[PDB]
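The opening residue of the sequence shown carries number 1 in the deposited numbering; numbering runs sequentially from there. By construction, the Cβ of each residue, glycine as well, lies at the ideal position given by its N, Cα and C atoms. Have a look at the structure below before the remarks.
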Amino acid sequence: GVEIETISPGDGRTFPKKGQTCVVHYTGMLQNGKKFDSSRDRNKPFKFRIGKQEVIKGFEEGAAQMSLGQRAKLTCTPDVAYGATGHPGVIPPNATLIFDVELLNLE
Numbered sequence: 001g002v003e004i005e006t007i008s009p010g011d012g013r014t015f016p017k018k019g020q021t022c023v024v025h026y027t028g029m030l031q032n033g034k035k036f037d038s039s040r041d042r043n044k045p046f047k048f049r050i051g052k053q054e055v056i057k058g059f060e061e062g063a064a065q066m067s068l069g070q071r072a073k074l075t076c077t078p079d080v081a082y083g084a085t086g087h088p089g090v091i092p093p094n095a096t097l098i099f100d101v102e103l104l105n106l107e
């Protein structure tokens, strides 16, 4: 369950593919809750690649459904990120995730 609500600008044609490393200024948010993660704070914008199951599955499909310069708005289901177990002390079990994601990559 990946729902994209795109803030427009970018190009919409340079899509991420396999074997590519992409750079994201992500921003976490809990539904009816506060912030829990921000790459904007640490100022190291989280270089990662595609297809190695590094990130969660809900964030993985959202990165492929964007392009260079875009600014999406993720909405993930509990079963794709943590909802059975829950990340200990940081994410409660059966939680719904909200993300502000801007992709400014290379490659």
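Neighbourhood of residue i by C-beta, 7 Å cutoff - its chain only, sequence neighbours within 5 removed
| i | result |
| --- | --- |
| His25 | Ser39, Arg40, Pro45, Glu102, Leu104 |
| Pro92 | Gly86 |
Rounded straight-line distance, which links the Cα of residue j to that of residue i
| i | j | result |
| --- | --- | --- |
| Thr27 | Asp37 | 6 Å |
| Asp100 | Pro88 | 23 Å |
| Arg13 | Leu68 | 8 Å |
| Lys52 | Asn32 | 31 Å |
Unbroken beta strand (DSSP E) run spanning residue i, endpoints
| i | result |
| --- | --- |
| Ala72 | 71 to 76 |
| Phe99 | 97 to 103 |
Per DSSP, cross-strand counterpart(s) of residue i
| i | result |
| --- | --- |
| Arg49 | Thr21 |
Element boundaries [alpha helix (DSSP H), containing residue i]
| i | result |
| --- | --- |
| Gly62 | 57 to 64 |
| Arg40 | 39 to 42 |
6 Å Cβ shell around residue i - same chain, five flanking residues per side excluded
| i | result |
| --- | --- |
| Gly83 | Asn94 |
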